[PDB]
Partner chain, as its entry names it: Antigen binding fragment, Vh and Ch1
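In the block that follows, a single chain appears as structure tokens, in the form deposited without its partner chain.
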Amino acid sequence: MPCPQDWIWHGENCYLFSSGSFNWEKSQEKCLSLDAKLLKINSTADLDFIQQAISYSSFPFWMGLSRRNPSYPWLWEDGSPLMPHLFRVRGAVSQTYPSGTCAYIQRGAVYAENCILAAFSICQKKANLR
């Protein structure tokens, strides 16, 4: 199939729901060790897929969105911005944390929290498509 064992195929990418829960930086490194990156939601189709995939889990899952503080915009790991009107970022969006602020999805909603906190994560890499 287009995706390795345990990875889920969606669009032109493969997605993996992490086996462990760690802070954002470590979660990022874990995806990197798998030739992947943290979840990057580029459309409503992507969001819907992720929401459906997690289904009724009450666990929090890191995505690749972060920022130094409220004065900075929400950007994906590659530096590209969060496309408007895909989702609203709830939670701790007013405060400033030393390790910065990172985004995660929990119960279908997206929240901002101290990057030092722990959560599961979703990694993604390009699918093998001719």
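Numbering follows the first chain given and starts at 1. Rigid core: the largest C-alpha set superposing within 1.5 Å between the two forms.
Once the structures in 8 other deposited structures of this protein are superposed via the core, the pair 74-82 and 54-62 is resolved in favour of 54-62 as the more displaced stretch (C-alpha RMS). The rigid core fit leaves 95-103 as the farther-lying stretch in 8 other deposited structures of this protein, judged by Cα positions and set against 33-41 and 95-103. Higher average CA B factor: 2-10, of the stretches 119-127 and 2-10.
The PDB entry reports B-factors from which the mean C-alpha value can be compared for 55-63 and 94-102; the larger average falls on 94-102. In the PDB entry, the Cα temperature factor peaks, among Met83, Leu39, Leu34, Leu47, at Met83.
What comes next is about the form deposited with its partner chain bound, which does not appear here.
Note on contacts: among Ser43, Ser33, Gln95, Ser80, the single residue with a heavy atom within 4.5 Å of its partner chain in the deposited bound form is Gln95. Contact annotation: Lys26 falls outside 4.5 Å of its partner chain in the deposited bound form, judged by heavy atom distances. Residue contact with its partner chain in the deposited bound form: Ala119 places a heavy atom within 4.5 Å of it. Interface residue remark: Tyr104 is counted as part of the site for its partner chain in the deposited bound form, having a heavy atom within 4.5 Å.
For the chain shown alone, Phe87 is not a contact residue for its partner chain in the deposited bound form, no non-hydrogen atom being within 4.5 angstroms. Contact annotation for 56-90: residues with any non-hydrogen atom within 4.5 angstroms of its partner chain in the deposited bound form are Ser58, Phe59, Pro60, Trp62, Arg90, listed in sequence order.
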